[PDB]
Every structure is written in C-alpha cells, then in structure tokens.
K.L.:
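First, the structure itself, so that you have it in front of you.
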Amino acid sequence: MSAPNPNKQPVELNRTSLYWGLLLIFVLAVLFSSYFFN
Amino acid sequence: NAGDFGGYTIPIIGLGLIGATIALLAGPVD
Amino acid sequence: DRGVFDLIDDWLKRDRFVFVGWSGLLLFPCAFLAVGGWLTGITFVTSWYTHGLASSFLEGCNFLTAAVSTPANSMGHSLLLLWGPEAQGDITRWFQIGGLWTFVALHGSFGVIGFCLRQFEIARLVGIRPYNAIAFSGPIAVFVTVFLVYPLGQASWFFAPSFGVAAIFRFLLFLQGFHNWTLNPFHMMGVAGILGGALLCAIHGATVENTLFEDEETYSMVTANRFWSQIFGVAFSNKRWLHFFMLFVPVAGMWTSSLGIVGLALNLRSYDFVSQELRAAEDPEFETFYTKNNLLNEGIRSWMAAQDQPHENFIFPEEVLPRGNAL
Amino acid sequence: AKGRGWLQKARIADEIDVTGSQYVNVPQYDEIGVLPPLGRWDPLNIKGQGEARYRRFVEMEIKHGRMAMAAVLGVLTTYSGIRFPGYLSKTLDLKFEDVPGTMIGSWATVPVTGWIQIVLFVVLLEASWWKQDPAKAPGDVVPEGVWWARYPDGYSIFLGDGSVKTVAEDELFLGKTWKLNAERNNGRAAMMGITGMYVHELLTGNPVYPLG
Amino acid sequence: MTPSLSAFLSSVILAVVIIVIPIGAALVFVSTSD
Amino acid sequence: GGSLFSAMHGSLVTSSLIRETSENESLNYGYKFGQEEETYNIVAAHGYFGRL
Amino acid sequence: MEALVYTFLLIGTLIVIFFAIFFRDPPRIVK
Amino acid sequence: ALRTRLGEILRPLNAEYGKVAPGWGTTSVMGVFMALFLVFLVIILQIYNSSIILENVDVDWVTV
Amino acid sequence: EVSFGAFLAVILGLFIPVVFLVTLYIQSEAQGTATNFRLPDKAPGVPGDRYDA
Amino acid sequence: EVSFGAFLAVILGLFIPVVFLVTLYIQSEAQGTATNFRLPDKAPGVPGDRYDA
Amino acid sequence: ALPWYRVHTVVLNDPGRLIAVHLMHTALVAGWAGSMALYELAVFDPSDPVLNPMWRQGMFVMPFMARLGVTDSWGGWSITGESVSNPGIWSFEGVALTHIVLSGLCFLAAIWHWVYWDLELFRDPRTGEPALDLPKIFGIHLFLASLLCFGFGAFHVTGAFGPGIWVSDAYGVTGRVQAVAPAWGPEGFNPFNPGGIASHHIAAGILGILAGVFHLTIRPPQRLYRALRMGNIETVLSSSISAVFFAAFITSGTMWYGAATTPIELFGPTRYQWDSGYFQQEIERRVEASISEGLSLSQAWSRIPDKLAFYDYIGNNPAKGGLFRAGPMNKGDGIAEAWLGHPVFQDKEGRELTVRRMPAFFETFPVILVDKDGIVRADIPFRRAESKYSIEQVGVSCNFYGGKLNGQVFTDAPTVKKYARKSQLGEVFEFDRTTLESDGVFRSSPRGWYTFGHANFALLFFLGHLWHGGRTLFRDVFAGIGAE
Ligand code: CLA
Ligand SMILES: CC(=O)O[C@H]1CC(C)(C)C(=C=C/C(C)=C/C=C/C(C)=C/C=C/C=C(C)/C=C/C=C(\C)C(=O)C[C@@]23O[C@]2(C)C[C@@H](O)CC3(C)C)[C@](C)(O)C1
Ligand SMILES: CC1=C(/C=C/C(C)=C/C=C/C(C)=C/C=C/C=C(C)/C=C/C=C(C)/C=C/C2=C(C)CCCC2(C)C)C(C)(C)CCC1
Ligand SMILES: CC1=C(/C=C/C(C)=C/C=C/C(C)=C/C=C/C=C(C)/C=C/C=C(C)/C=C/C2=C(C)CCCC2(C)C)C(C)(C)CCC1
Ligand SMILES: [Fe+2]
C-alpha cells in the first residue's frame, strides 16, 4: 500500500562531521594519488 | 551448441510461464 | 537454577578471584599453553634444524635473541601436529622441525578468540556495551594477518615472524627489504593511527590533569575546550565524541595496516613507482629518496638471503653482491 | 503389556509462545485440489451439476491422474534405455532390450497376450479388489490390511534423539492434505504430460521431442 | 587405515576423553556441590 | 602502550555511556557542553575492567 | 599534469583546514 | 495494509511469529550435528593440509 | 605516460564523497540539525533547542 | 588516441551541474519548498500551505 | 537525527522496504555482471589461446563463465580456439545481456516493493505490528537453496541435463567443458578432483533438503530463541555475515592454492607451481623421455608444447605483481608472441651451466650460472663491480633448443648475458611491448587479484560480524545504560 511510511527519518550531518569527512577524503586522495598515478 | 537441451524451447516456455503468473496475480482481491 | 546447565552457568559467572565464564573454557587452556609453549621454546628448544640458528637459553641466547622460530621451509603450511605425519608422535623431533611454533600460533589464535569472547561475556554480565571487544578486534586483525594470513600466502610457515624480540626485528627488516613495506599506504595509515593513538593518550591525560577542579565532573571541559581552541585552532567539545575518537584512531590503524599485510601475503606490494623507475633507467643522473630506498632494499635482500633462507642454499659471490662502490 | 508406552514420553511438548503463554493458532482452500494459484478453477461449473455428478468427477480426476503419473514415469524410464533383465517372452524370443522404449514402439512390440494380462489385472483391481467405497474418501480404494502408506492426522515421525513429533493434516510436506494435494497436482501435470508425449511422438518419433 | 588417519582418530578420541569429558565432569561436580 | 591505553580508555568510557538519547539518535547528543554531571557510568566500567 | 594534481590536492587540504579552524561550529555552553 | 493475491497465498508462511518449542527443544540433536560438522571440517582441512594422508588419494592436480 | 584511468580515480575518488558530504550538510542546515550544540530530540523528527536558543 | 582532457570535459561538465541541481533539490525538500503545488509565501521565509492540506 | 552511518536502519523494521533495498542491490550486482562481461568482451583478443589466454588479458568474469560451460561467443570464436558456428543464447554476449535484462527487472521490482511497502503479508495477525517469522523464512530459503544446490550438482555438473564444468589435465594443456561423474569415495575430498564438485552438491543438497524439512516443521527451542534473539532481524545479519566471510576465506585459499574449481587455463598458474618447479620438472621429464627414444636435443625440445613452456615462466606467477601495477598481465612484460626455445649454457670446459632461477620474493635477483655440482662458475656482476667470474672472463656460450631459435648458437657476451637474464625468469619468450605500451614490470593474474579482494573482504566482514553480533546481544543497552 502507498500509505505514508512511518519509518521515514531525517538525516543529520553537523559541520564538525562535514569537516572530518572533507579532511578524510582530501587526505586519502593526497595519500593514494601517488600510487594511482604510478 | 544451439538446439542442445531443447533449444530455445525451455527459456521461451519458462519466461512465458513467469509472465503469465505475474499477470494472473496482478489483479486485486475481491 | 533449574537444570544442570544453569548450575554450570551460575558457577562459571560466580564472583571469584578471577572471572571464568563460558569463554574461560576456551581462553584459559589455550592462553596458558601458548604462553607456556613460548616460555618452553625460548628456554630449551633450538632452531638449528629449521633455521641454522641457536635460539634458546640452553644454547647461550639471552632474552633479546631467544625465540620460538618458525618451522622449516620443507614443512610448507603443515599444521605440524604432534601426532601428524611429520613428527609421528615423537616430541623431540616435533621440537626440532619447528612444531612448537605452530603450537604457539594456533593455541594463541584460539586464545585471542577466547579473550574477545571473554570481553563480550563480561560486558553482558556487567551490562555495558561491548566496545572493548570491538577495540580488541584491532589486535586480533594484526595477529591474524601477520602470523597466519601472511605465511599462508607465502611459501610456508617459515616466512612468518618468529616469537622473539630479535626475530621480530628481522621480520621488520625482511618486509622492508623484500616488500618495501614502509612505502605501502596501508602501513602509513597504520603508523598514523598508532602514533595518533599515542598522541591522543598523552594529550588527553595531560589535559584532564591540567584542567582539574580543586577538590560530578572532575575536570573543566569548558576550560579545556577554550585552551585547545586558542592553541591549536580546534578543540573537543563533546566528551562522548572525544572518547570514541580515542577508540577509533588506534583501532583503525590496526585494521588499515592489516589490509596491506594481506596484500603482502600474495606479494601484491607497493614496491615501486613505475614512472619514477622508468625515468631513472633512461636518465642515470635522476635520483630521489624513493630511488635511494630501492637501492637499500636490494642491499637488504642480497646480503641476508644467504643466512635468512638457508634452505635455498644461496651462493652469492662478492661480484653480484650490491655495493655503494659500484653505484 | 502394550508396547507403546515409550511413545508418550518421547513425544515433544506442544509449541508455545516465546513469552511463555499458549500459542494462538489464528483459508479458502478447503477441498483437495483447490490450491493457492487458481483456487477453485471450475470454468464448466461441474460442482453445480449435482453432488453425485461432482463426486464422480473427483474420483475421475484422481484415477486419470494416477494412471498418467505412472504412464509418464514408464515412458521416461524406457525411452532412457532402462530395462528389466531377461526375457519378456521366452516363447516369442522377446528380450526386454529388444522392445523399443518409445510409446508406440512398446505398445506394438509387447504381445497382445502380454497386454491382456496387464488389462485383466486392472480389471481385477477395478471390479473386485480396489473398489471405491461410497462412504470412503474419493480415491481411497486400497482396503485395510493391504500395507499402504497412510498419513493420518497426528501420525508419528521420529527425530535424531528418538523424540516423537505428531504431524497434523495441515503440516507442510508431511501432512495428509499436502500429500493429497501433491497427488492431484502431479496427476494433473502428468495428465497433460502423457498426452503431450503422445502427440510429440506421433509428429516426430520423440516423446520428449525438444530434449534428446 | 593409514597411520595418519589412525593418528587423527586417536587424537579425536584423546581430545574427547582427556579434555572434554573430564572438564565437563569437573564442572558438573563443582556446580552441583557449590 | 599509548595506543593500547587510548583504545582501552576510549572503549571503557564509550561502553558505559548513560542513556540520554533516542532509539537510533547519535549518543554524542547525550552529552551537553558545560554540564556538571558525569556522562558515563564510572562504577560499571570499573567493574568490567576489574573482572576483565 | 601530475604535479598540478598534487598541488591542487595539498592546497585543497589546507583550505579545508582553514575553514575548519575559522568557520567552525561556535561552541555554546548549555544553561 | 494492502491485501494482494500473492500476499493471501503466502499468508500462512508468515503466520507463526514467536512460536517456540518449550524448554531446550532439539538443542541436543543440534549439538551433535555441530560436533559432527566440526570433525568433518577438520578432516577436509587436514586432507588439504596433507596432515591426513589417505589410501590412494593424492592432493595434487589431476588429469581428466 | 599520463595514466588516464588514474586521473579519474583521483578526481572521482575525491569529488563523489566530497559531494555526498556537502549535500548531507546542506540539507542538515535546512532542517536545523547541522549543529552539535543542541539538545537531544524532543519528539521523533523534532530536533531539540540549541544551547544558545 | 583517446583525448584525455575531453573525458574530463564530458565527465565534469555533466557531474558538477547535476550535483548542484541535486544538492539544491534535496535541501529544498528539507524546507518543504520542493513542490510547485503549494500556496505562495504567507511571510518572508515561511512557505505557503500545500494544496492538499 | 539519524547519522550518516545509520541511514539504512529505516529499513530495519520495514519488511516491504527491506525487500526493495535487497532487490536494488540485486539489480546493481546483476547489472555489474552484465556490464563487466560486455566491457571484457570489448577488450578480449581470442586470436591465440596458447600464448595469450584470458588470464594474461586480465579477464575477471570471463573465467567464471567458462568454468561452468559458457565458452562460445556470438562472434564465431571459442575459448578453446575452435571456431563455433551457432552457440545459441548462452554465449558470452547472451549471458551478459541476460544479466542486464535481469538487472532492469529487479530495478522495476524494487520500485514496486518500495512504493507498496504496506502489505498485509508483513503484518502479524495477532498484534498488527510488522513481523517476520525468521525461523520459518529460514526453512523456506534453505529448502530453496538446497534444491538449487542439488540440481546444480546432479544435472549441470554431471551433464545429465547440463553442459558440465571445465576440466583439464594436470598441466593445463587440454582444457575443455565436460560432464563430470560424481566421486563418492574419499577421492571426492581431494580438492583438485573435479568429481568431488558433483558429489558434494548432491550430498550437501540432499542433506539441506532434509534440513529444510526440519526447519519448516520444528519450531526453535525457547531457550535457543531467547539466547540467539531469533525475533530480531540483526541476529541473522550477524550470523550470515559470519558464514559469508567463512566462505570467502575458503574461496581465497582455494583460488590461491589451486583446486578443481580454479583451473590454471582460466585463472593462470599458482605461485606454488613455480616454487616447486611443477611445470619445469614435467618439461625435463618429457625431454628425458624423448632422449631415451633416440631423438636429438633439438627435436626432443621441439616436442615440448608452447603452452607448457609458457606456464614455466615467472611472468605468469601471480606472486610477482604489485598492488598499484594496474591492468592486464600483457601490460607488464608484454604480449607473448613466440617461445624462443630452451637455452643451454656452457663454458669453455664443456660444463653445462644453469642459471639460478628467481624466487618470487625477489624483485631483482643476481644472475648466477652453476654447474651440476652446485658451484658457481659464471656471473653477471652488480653494475660496475670488479668482475672476476664474469661472462666475458669465463667465456660462456649459449645453445638454444626448440622454439624459434632452434639450433642457433650464441657465443658473443652481450647476447649470452641477455639470454642469461631471460633464463633466470624460466622459459625464454618473445614479447610485444608496443601494442599496449608495456612498461616491463610484472603484474598479477586474476588468481592473484581475486585472492587479494576476497581475503581483504573476508577480514573486513569479520569486523562486521563482531559489530552486528554485539548489536544483537546488547540491543537493550545500545542507546546507553542506566546511571548507578
Ligand atoms: C480426466 C480429466 C479431469 C477431470 C475429470 C477433472 C475434474 C475436476 N477438476 Mg481437473 N484438471 C485436469 C483434468 C481433470 N479434472 C488437468 C489435466 C488439469 C491441468 C491442466 C486440471 C486442472 C484443474 C484445476 C486447476 C482445478 C480442477 C478442478 C476440477 C474439478 C471441477 C472442475 C472440472 O470438472 O473440470 C474438468 C473438465 C473436464 C473434465 C472437461 C472434459 C474434458 C475436456 C473436453 C478436455 C479438453 C480436451 C483436452 C485438452 C484434450 C485434447 C484432446 C483433443 C483430441 C480434443 C473436478 C474435480 C478444480 C478443483 O481442483 O476441484 C477439486 C480446480 O480448481 N482441475
Ligand atoms: C507400500 C505402498 O504401496 O505405498 C506407496 C504409497 C504411495 C503414497 C503411493 C507412495 C508414493 C508416491 C508415489 C508413488 C509417487 C509417484 C510419482 C509420479 C510417478 C509422478 C509423476 C509425474 C509426472 C509429471 C508431473 C509429468 C509432467 C510433464 C509434463 C507437463 C510434460 O509436459 C512432459 C514433457 O514431455 C513434454 C510433453 C514435452 C517436453 O518438451 C518437456 C517435458 C519433458 C516436460 C509410496 C510412499 O512410494 C509407496
Ligand atoms: C609446549 C608443550 C606443552 C605445554 C607446556 C607448558 C604449558 C609449559 C609451561 C611452562 C611455564 C608456565 C613456564 C614458566 C616459566 C616462567 C619463567 C621462565 C619465569 C621467569 C621469571 C622471571 C625471570 C622474572 C623476572 C622479573 C621480571 C620480569 C620483572 C620484575 C623482576 C623479576 C626479576 C622478578 C605440552 C605439555 C602441552 C605438550 C606439548 C608441548
Ligand atoms: C531499467 C530497465 C532496463 C535497463 C537496465 C539496464 C540497462 C541496466 C544497467 C545496469 C548497469 C549498467 C549497472 C552497472 C552497475 C555497476 C556497479 C554496481 C558498479 C559498482 C562498483 C563498485 C561498487 C566498485 C567499488 C570499488 C572501487 C571503485 C575500487 C575497488 C574497491 C571496490 C571494488 C569496492 C531494461 C531495458 C533491461 C529492462 C526494462 C527496465
Ligand atoms: Fe576521560
């Protein structure tokens, strides 16, 4: 049935978690770029 | 290799059987 | 309670001088045999017939040089059971072919399984979340990959680390010379996690002790957050996030480095930068610190292979031994 | 001394709710042959022709499906080359291996005196031995004491420890209604199967014509 | 029955009758006692 | 040892966090910046480590 | 163009660090 | 909730939620099968490991 | 020998997770849940008040 | 010869505006402004009521 | 309020939406299989299956298609090299296209189950809450899986109704798809015996059907239901993850050590065949048999097949590649063109010299020529080292037998040094380093990459088992504990 789903939940990502994710992705790219290019 | 194990018969009959059962069960009840 | 299983369950979880539990049925004999087997090997058992080395207190070794050395290369990945087709029940021949190594490694592997089960059992008994068991999965992954997965991908148990101080030191230089393990990005993530964990241990212990209240909370989180915001730029404000982070970074360092050891088991190593190797081949004047490191790896490999792998009977004349005099 | 006292002690206890209370048991497929996909598929409304005329059709579907299931298995065995050892007719020098495994080939090569013995056995079964009792269920023609596999409601099955489970009629794969339904449906499928194998043979000589 | 297979069977029997059964019996005894 | 003690202390504190949030909300919202009371059960963590 | 990619990655990391320091979530003490 | 033709068909297959056998049930039979599985897994491991050398089976690449 | 596939691995291996994190934070700002200095949820789907309020 | 820069032009020329549109729509859904079947704003910053309540 | 790492837990108590995300994952996985095979069919060169097989070209899904009987293509070629006229639908392209069509149909089915999540089937009639009777669902799925396990073994593998599986000789020169009779004795537990595959799936399938009958009839014990939390969907996630990494560790060892399910004609040789000289010993055994027949060395080494000599080459060793040496095996040493023959080295004293072969450990190994006694006679010194036993000083000549250089004799030191370097890597071969711009560094086979992926995935799935196992047994306290 196409009823309103009661299990729908909002998703949260604060600014600190955004900065941690951006730092992790950029540092991982910095680390692995030399290995990918060679 | 074609014609082995019935040829295209079993895939055609099998796919037609699946499509027919889905259409048979597609209607609402009562 | 009611039923024989419940009396055993009550007795195993009873508060005594040491907790036993159901996990203690696996942990206590396996850990005692692994530690007792290691202490037996470093005291009496030699490595003369497997490695051509003396590695026991009986032969004159000290604590730094004694070891329980790996089995002979001819054994392969044999379990080397005492009743197995190699020793055939002979305890003396079992010691000589390196069967004590597989004894310590296998009983040690079931020991760390029992200890992690013990962490799960006490957490359920006390009533807390099992985060110590998840944190111990880091050391489990390191032990499993280094002492089991790495030799299982190699030729035999021989290339696993030997349970000793100087033997581990050889294993460090072996993986550097043969795999360029320092240049692996997975070891680099491991170094960051382990050095970061030591940083987090030092910086958290200093901060708590230096933001204490003169005597609820024993230290000022607001003062600590203010201090590191002006010293470092950023600071912790959540005490729960600070303690998950103290768990995460050393455990993630153990898990990331274990993934690279699995690649090293199959010789899927980060040995070279191909474009840097090709450019140095056509242009002999080109030289970086990576190219100098590959020269030192060649020096490690050729100068140790005669004695580190005596089963191969390597005969290297002085002409083929790499030297700095021949560039 | 009755030898059945150990059965009650080996019997597994009744299934309960996980909390500890007794389990609450809590649809339109009541008759054997009425199955989930089509339900009661009666395009000709034979059920409306009378209870006597509908009781005739249930026994008729059961009997037709039972011979067709045996007929399908017979052709699949003989066309594959499986034969009994020895001679079918020592007078006619007819070995089992000589007779074709095909339906028309086996129907002609088997002697008519041999075919009479098959027919007379069916006639003997149909007219005296395995006669349908009007009080009994349709298709229940085997009398008592003729050593037939029966699955009554609450019959016993046995586990590894020696424990005994009673099987109700509504149990999956083991109840009577499952086996009764599976006899009817396999009979229905073999009914279409045996006539399809006949016409494919009539047209190509191969009873399973695409296969082979 | 090769010597290695016989050794394996002996090892299984020995494990059951020296490790499993004595530890279980000791556990049952000390659980019914205490 | 620093990595060991950091992971150990972090796991001990994370294990004994006092319930303050919802069913699947992040537990870090259970701590308020500048609060006075303890954010984790110290006696439960001490009992776990003592029995360990 | 490999050195360009390396420089872009390092400068982007430093930009992320700058934003994390100076445009962080301002800590507010609960009442 | 929506009632469908297939949902009505599959309804008895999801109608026994929470139903258990009281007490220990068939755990003793399960432990025997677990113990036999453990011995069986050790056998095929030791055959592959060549810790059990059988009569005329050889752990090596075979022809045909 | 500029490895063409390696350039995409660095670019897309950086762009796609950065995009996912940026998209998650922006819709978090729209819902008023992009700060950790706020109370726990008052009701399901209702974020708590900020500490400054 | 596969033009290396042309691959990035097709990929980044497609990915970046698609990302920008997806990010704009997702934060619009969080604010309840991602439907055109709603009334105009009753106040600045307050979206109007939807047509079906 | 849901963090990023907990977003998919909205499906935890929604059986309709749980089927939807599982159908979506099925659509992506089946979509990958069709797409991977289509991309692989674009870059595959079927011209020479002797010196350029599938495992030299970095074929990943293609060996798994060929292992179960799909060897022909719609383009008119087969893996064995024999030109095929009509393969039917089940060719390489037809298998790839069917996985694409299956991916789209699962995508459409995932949409329906996502939209129509609220079905009465997922509701408990006693309470009205969403409920899944997991022990009964397990019995249905175990019966269905065992039926497929039995049917695969009894009909597909045995060839009763099926193509069979890939089988070869002990040295991987005559490989073909063939019906395999089940081995019911102790030889079925030989991992290299293909008869064990047929007998396992029949025996395990039958036992699984019997277990499925038990699990569809007998309810769980109450004490086992509470201990394992069988009313919680996360307890089967933790146990299935455990069974999943248990299988992945086994398939990693089976691939690495070799078995009948990982033939060398589809995945390449193993590292243990080079370590023990498996192909080398058979090569000298066939040569010594021809010598006893009266053939000269030139014709004795000419009977050695190029496929057998290609296996005795360290560039085909899966333990010679690198983690970031991407691409096919042809991207490394090059594309193999012709066997150059077997070089025989000899000094001025008639002593037969053999180059010491390179172990898989060494990135670079010294070039050393030894006699039958084991004493070093000649050398290639390290760069500009002061030579005493060099090739020029000792005066080593090289004679090639078989291959393209059959009967040729090289005595000038630069060519002898060049062939002594190539003899260190096993059999000498000629490589096309210009078609793929090969750089000369050895790469790993599909055998090496599969083991790396699945041993690392299994290790990470051990962590998931501990995490999801803890979340099951500690579900009551995972939002926090009480203050004491
Ligand atoms: C001897 C054959 C036979 C008989 C007596 C019955 C009798 C019955 N069936 Mg079956 N049925 C059969 C064969 C038969 N069935 C076959 C082969 C199938 C599978 C295709 C089915 C599938 C089926 C379902 C799904 C259901 C029934 C149901 C029923 C019941 C009422 C409906 C009915 O009477 O239709 C029977 C119709 C006839 C007997 C018509 C007479 C024969 C016609 C003319 C055959 C047509 C020609 C045929 C295709 C052969 C072609 C030869 C050519 C030369 C002309 C009744 C018990 C219902 C139920 O199960 O109740 C218990 C129901 O739901 N039947
Ligand atoms: C002591 C005693 O007596 O107790 C007895 C009691 C009892 C209950 C009787 C017992 C039982 C069970 C029994 C006897 C079970 C018997 C089962 C049996 C014999 C049932 C066959 C079905 C065949 C079908 C469905 C065929 C359809 C096939 C169809 C639909 C076809 O179209 C055929 C086909 O060829 C075409 C036309 C074209 C081809 O291109 C394709 C194929 C090949 C598909 C016991 C326990 O054993 C013993
Ligand atoms: C192997 C084996 C086994 C086992 C055994 C065992 C179990 C043993 C045990 C053993 C043991 C158990 C031993 C011990 C030893 C000890 C020692 C050797 C000690 C020493 C000490 C010292 C030296 C000290 C010092 C110090 C310190 C450290 C610090 C402070 C100060 C002092 C000075 C005090 C068996 C039989 C099963 C059989 C098989 C084999
Ligand atoms: C709708 C539809 C359709 C269509 C469909 C299609 C066309 C499909 C496609 C599909 C596809 C086309 C898909 C694909 C997929 C893919 C995938 C899914 C991938 C994935 C990947 C990944 C996951 C990876 C990752 C990684 C990396 C990157 C690195 C290393 C590690 C790893 C491996 C993890 C049709 C018409 C038929 C029908 C109707 C409907
Ligand atoms: Fe603290």
Side-chain angles (χ1 to χ4, degrees), chain A residues 32 36, chain B residues 5-7 9-10 13-14, chain C residues 200-201 204-205 207-209 211 217-219 221 224 236 239-240 242-243 246, chain D residues 65-77 79 103 139 142 146-151 176 179-180 182-183 185-201 204 206-212, chain F residues 6 9-10 12-14 38-40 42 45, chain I residues 5 8-9 12-13 16, chain K residues 24-39 60 96-111 161 326 449 452-454 456-457 460:
Chain A
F32 276 92
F36 289 161
Chain B
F5 312 110
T9 323
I10 300 165
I13 293 286
Chain C
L200 273 185
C201 194
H204 175 70
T207 308
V208 164
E209 200 81 1
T211 56
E217 250 286 283
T218 60
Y219 67 98
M221 189 69 174
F236 280 109
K239 223 178 289 266
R240 303 179 163 206
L242 153 71
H243 286 92
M246 284 170 83
Chain D
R66 271 165 185 179
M67 323 186 69
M69 278 189 276
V72 159
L73 195 58
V75 186
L76 289 188
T77 291
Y79 190 60
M103 299 174 42
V142 175
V146 196
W147 268 21
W148 206 258
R150 303 281 179 184
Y151 312 92
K176 196 183 161 213
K179 280 153 187 321
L180 275 166
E183 178 183 71
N185 273 157
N186 279 263
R188 282 158 184 177
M191 266 189 287
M192 293 297 342
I194 192 57
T195 175
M197 288 159 78
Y198 177 54
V199 296
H200 283 203
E201 170 152 14
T204 67
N206 193 349
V208 283
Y209 158 70
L211 318 174
Chain F
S6 154
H9 180 60
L12 279 172
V13 174
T14 313
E38 261 309 312
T39 200
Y40 72 101
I42 179 79
Chain I
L8 284 161
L12 297 198
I16 284 135
Chain K
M24 191 42 81
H25 188 268
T26 307
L28 291 173
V29 171
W32 174 87
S35 325
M36 197 69 258
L38 283 183
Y39 168 81
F60 190 49
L97 285 189
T98 42
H99 274 86
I100 293 294
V101 177
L102 169 75
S103 169
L105 286 180
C106 290
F107 170 80
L108 288 183
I111 288 173
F161 201 58
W449 280 115
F452 172 74
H454 281 67
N456 267 142
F457 277 151
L460 281 177

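Counting starts at 1 for both ligands and their atoms, in listed order. We name chains A, B, ... by the order of the sequence lines, and we start the count at 1 in each one. As a basis for the values below, the full set of heavy atoms in this structure was taken, side chains included, without hydrogen atoms, waters or symmetry mates.
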K.L.:
Considering the heavy atoms of D:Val208, write down every atom of ligand 2 situated less than 4.0 Å from one of them.
P.N.:
35 (O), 43 (C)
K.L.:
Determine the interplanar angle of the F:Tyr40 and C:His243 rings, folded into 0 to 90°, and report it as parallel if under 30°, tilted if 30 to 60°, perpendicular if over 60°.
P.N.:
tilted
K.L.:
Out of K:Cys106, K:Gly34, K:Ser103, who is nearest to atom 10 (C) of ligand 4 when you count heavy atoms only?
P.N.:
K:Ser103
K.L.:
Verify the contact flag for atom 45 (C) of ligand 2, where contact means a protein heavy atom under 4.0 Å away.
P.N.:
no
K.L.:
Take a 6.0 Å sphere around OH of K:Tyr39 and say whether it holds more than 12 heavy atoms from other residues, nucleotides or ligands.
P.N.:
no
K.L.:
Provide the number and element of each atom of ligand 4 under 4.0 Å from a heavy atom of K:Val101.
P.N.:
37 (C)
K.L.:
Could you tell me the residue and atom name of the protein heavy atom closest to atom 34 (C) of ligand 4, and the distance to it rounded to 0.1 Å?
P.N.:
K:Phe457 CZ, 4.4 Å
K.L.:
Quick one: look at K:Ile100 and ligand 4, take heavy-atom pairs under 4.0 Å, and tell me if it's side chain, backbone, both or neither.
P.N.:
both
K.L.:
For B:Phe5, does the CZ atom sit with more than 12 other heavy atoms under 6.0 Å from it, leaving out its own atoms?
P.N.:
yes
K.L.:
Going by atom types alone, do C:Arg240 and F:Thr14 pair a side-chain donor with an acceptor below 3.5 Å?
P.N.:
no
K.L.:
How far is atom 11 (C) of ligand 4 from its nearest protein heavy atom, and which residue and atom is that?
P.N.:
K:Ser35 OG, 3.6 Å
K.L.:
Is the CZ atom of K:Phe60 crowded by more than 12 outside heavy atoms at less than 6.0 Å?
P.N.:
yes
K.L.:
Does some non-hydrogen atom of the protein lie less than 4.0 angstrom from atom 26 (C) of ligand 4?
P.N.:
no
K.L.:
With the threshold set strictly below 4.0 angstrom, can you tell me whether any protein non-hydrogen atom sits that near atom 1 (C) of ligand 2?
P.N.:
yes
K.L.:
Is atom 31 (C) of ligand 4 in close reach of the protein, with a heavy atom under 4.0 Å away?
P.N.:
no
K.L.:
For atom 7 (C) of ligand 4, decide whether some protein heavy-atom distance is shorter than 4.0 Å.
P.N.:
yes
K.L.:
Quiz question for you: does at least one protein heavy atom lie closer than 4.0 Å to atom 37 (C) of ligand 4?
P.N.:
yes
K.L.:
So, do D:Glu201 and D:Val208 sit near enough that their side-chain heavy atoms are less than 4.5 Å apart?
P.N.:
no
K.L.:
When you look at CZ of K:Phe457, are more than 12 heavy atoms from neighbouring residues, nucleotides or ligands closer to it than 6.0 Å?
P.N.:
no
K.L.:
Return the closest protein heavy atom for atom 19 (C) of ligand 4 as residue, atom name and distance.
P.N.:
K:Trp32 CD1, 3.8 Å
K.L.:
Any protein heavy atom lying closer than 4.0 Å to atom 20 (C) of ligand 2?
P.N.:
yes
K.L.:
Quiz question for you: does at least one protein heavy atom lie closer than 4.0 Å to atom 35 (O) of ligand 2?
P.N.:
yes
K.L.:
Answer yes or no for atom 12 (C) of ligand 2: protein heavy atom present at a distance under 4.0 Å?
P.N.:
no
K.L.:
Could you list the atoms of ligand 2 found under 4.0 angstrom from a heavy atom of D:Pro210?
P.N.:
40 (O)
K.L.:
Determine, counting only non-hydrogen atoms of the protein, whether one lies under 4.0 angstrom from atom 16 (C) of ligand 2.
P.N.:
no
K.L.:
Taking only heavy atoms of D:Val72 into account, list the atoms of ligand 2 that are under 4.0 Å away from them.
P.N.:
23 (C), 26 (C)
K.L.:
Just go through K:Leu102, K:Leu38, K:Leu28 and tell me whose heavy atom is the nearest to atom 18 (C) of ligand 4.
P.N.:
K:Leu28
K.L.:
Would you call D:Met192 a ligand 2 contact, heavy-atom distance under 4.0 Å?
P.N.:
no
K.L.:
Kindly confirm or rule out a cation-pi arrangement of D:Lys176 over D:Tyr151, judged by NZ or CZ under 6.0 Å from the six-membered ring centre and within 45° of its axis?
P.N.:
no
K.L.:
Where on D:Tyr209 is there a heavy atom closer than 4.0 Å to ligand 2, on the side chain, on the backbone, on both, or on neither?
P.N.:
neither
K.L.:
Against heavy atoms of D:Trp147, which atoms of ligand 2 measure under 4.0 Å?
P.N.:
1 (C)
K.L.:
Among protein heavy atoms, which lies nearest atom 39 (C) of ligand 4, and at what distance?
P.N.:
K:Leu108 CD1, 4.4 Å
K.L.:
Which one of D:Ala70, D:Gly212, D:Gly193 has a non-hydrogen atom at the shortest distance from atom 28 (C) of ligand 2?
P.N.:
D:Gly193
K.L.:
Would you indicate which of D:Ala190, D:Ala71, D:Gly196 comes nearest to atom 22 (C) of ligand 2 when only heavy atoms are counted?
P.N.:
D:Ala190
K.L.:
Determine whether any protein heavy atom is located less than 4.0 Å from atom 42 (C) of ligand 2.
P.N.:
no
K.L.:
Counting only non-hydrogen atoms of the protein, does one fall under 4.0 Å from atom 15 (C) of ligand 4?
P.N.:
yes
K.L.:
Which protein heavy atom lies closest to atom 5 (C) of ligand 4, and at what distance to 0.1 Å?
P.N.:
K:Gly104 CA, 3.7 Å
K.L.:
Can you find a protein heavy atom under 4.0 Å from atom 23 (C) of ligand 4?
P.N.:
no
K.L.:
Of all N, O or S atoms in C:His204, which has the smallest distance to the Fe ion (ligand 5)?
P.N.:
NE2
K.L.:
Just which atoms of ligand 2 are under 4.0 Å from any heavy atom in D:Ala149?
P.N.:
4 (O), 6 (C)
K.L.:
Within the protein, is there a heavy atom lying under 4.0 Å from atom 25 (C) of ligand 2?
P.N.:
yes
